[PDB]
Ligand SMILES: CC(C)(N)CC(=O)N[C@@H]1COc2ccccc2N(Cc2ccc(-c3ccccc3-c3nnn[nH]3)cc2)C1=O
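Shown next as structure tokens: one chain only, the form deposited without the ligand.
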């Protein structure tokens, strides 16, 4: 492999269509599995049409001679007269092609590349380019785990075979057999595999030497800067209360913010630091921010990974941020024998985190 580059899109929260649950776990777990295989992974949740189109265009552009690419989409799919389409979260009801991404157009652009390997996997709820196309239609079918999280049928079987040092086409055929044995998808057309692979190529194949090929190092630096998290900060308030702001990442466009009281003077009986007044573009609803647990924000991956007794806020639209992430830390405090709640607030700039750097 000249390089190993992957783009994973998972669409769950649809405006005019039924919401999905499985993409979250699927995208997250496939990201980890591909990271283990030395892929530079971009993982994005809930993308609009324009966001999808730009992400796909940028991923396609990386597909230079000998590069190993992998594109995964989990979400609603649409079929109209032999063509399949990927449905963005902002798509109107009923479905219409102009609002969707045509799969056949992507395949056509992939066909022009001189990639060492190009794996295009769809997990939808309805000279050679070495393209392996997997098209799963059992996505809303999912299984509930002992964790309480929803895992997709396709991903359940894919997770178990991805790390195998075997030709990708052989790997995917075993996944199709597993689904065929699975009682939910038994005698049904759940996975279609299309392949134009003339060479024994696997996702486990090594990346070309950095002592002569510097494009992997350049793309590694460019990937790294798109995954930068703000360093944790401490804010001091006039009353004497010291607050810590902590940051965790779930996906390339999803960040969890948490606040905790590091010092509370004896005179203050009860205090809480609430993060508010986020940029409009991010579309955060205050009724889904400052939660007592990360689970209540929709963050189930990174859960006992975070400090206890904090307030948690999930920023899942970082790709929409077109300025610095400037928000307010509002402190609400109470003196034991005093009338009510005293409020104090200070603005914070955490720059352009993660995908917002690009």
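Residue numbers count along the first chain shown, from 1. We call the rigid core whatever largest set of C-alpha positions still superposes within 1.5 Å between the two forms.
In none of the other PDB entries of this protein that model the residues around it does residue 94 lack coordinates, well short of a third. Gaps at residue 104 occur in none of the other compared entries of the protein that contain both adjacent residues, all of which model it rather than a third dropping it. Unmodelled stretch separating residue 126 from residue 127: 10 or more residues (count of deposited-sequence residues without coordinates).
The modelled chain breaks between residue 139 and residue 140, where 1 to 3 residues of the deposited sequence lack coordinates. Taking the mean C-alpha B-factor of each stretch as recorded, 199-207 and 232-240 are not equal, and the higher mean is that of 199-207.
Mean CA B-factor, 308-316 versus 327-335: the higher value falls on 327-335. Between the residues 276, 105, 97, 189, the entry's highest C-alpha temperature factor is the one at 189.
Taking the deposited Cα B-factors for 74, 182, 280, 254, the highest one is held by 182. Residue 53 sits in the lowest third of its chain by CA B factor, as recorded in the PDB entry.
When the modelled residues of the chain are ordered by their C-alpha B factor, residue 294 lands in the lowest third.
Per the PDB record, residue ranking by Cα B-factor puts residue 4 in the middle third of the chain. Placement of the Cα temperature factor of residue 216 within the chain: highest third of the modelled residues, per the deposited record. In the deposited entry, the Cα temperature factor of residue 24 sits in the bottom third of values across the chain's modelled residues.
Not on display, but discussed next: the form deposited with the ligand bound.
In this form the binding site is blocked, since the ligand, overlaid from its pose in the deposited bound form, puts three or more atoms within 2.4 angstroms of backbone or C-beta atoms.
Think of it this way: in the deposited bound form, the ligand has a heavy atom of just one of 258, 85, 142, 251 within 4.5 Å, and the residue is 142.
Listed residues 275, 125, 119, 243 were compared with the ligand in the deposited bound form; 125 is the one with a heavy atom within 4.5 Å. Heavy atoms within 4.5 Å of the ligand in the deposited bound form belong, among the stretches 166-174, 261-269, 147-155, 191-199, to residues of 147-155. Using a 4.5 angstroms limit between non-hydrogen atoms, residue 15 is distant from the ligand in the deposited bound form. In the deposited bound form, the ligand lies within 4.5 Å of some heavy atom of residue 19. At a distance threshold of 4.5 angstroms between non-hydrogen atoms, residue 138 is in contact with the ligand in the deposited bound form.
In the core-aligned comparison between the shown form and the other one, the C-alpha of 219 is the only one from 113, 201, 219, 159 that shifts by 2 Å or more. In this overlay on the rigid core, residue 270 has a C-alpha that sits 2 Å or more away from its partner position between the shown form and the other one. Relative to the superposed core, residue 346 undergoes a Cα shift of 2 Å or more between the shown form and the other one. Relative to the superposed rigid core, the position of the CA of residue 96 differs between the shown form and the other one by less than 2 Å. Three angstroms is the minimum change: in the deposited bound form, the CA atoms of residue 205 and residue 218 sit farther apart than in this structure, by 3 Å or more. Relative to this form, residue 187 and residue 18 approach one another in the deposited bound form, with their C-alpha atoms ending up at least 3 Å closer.
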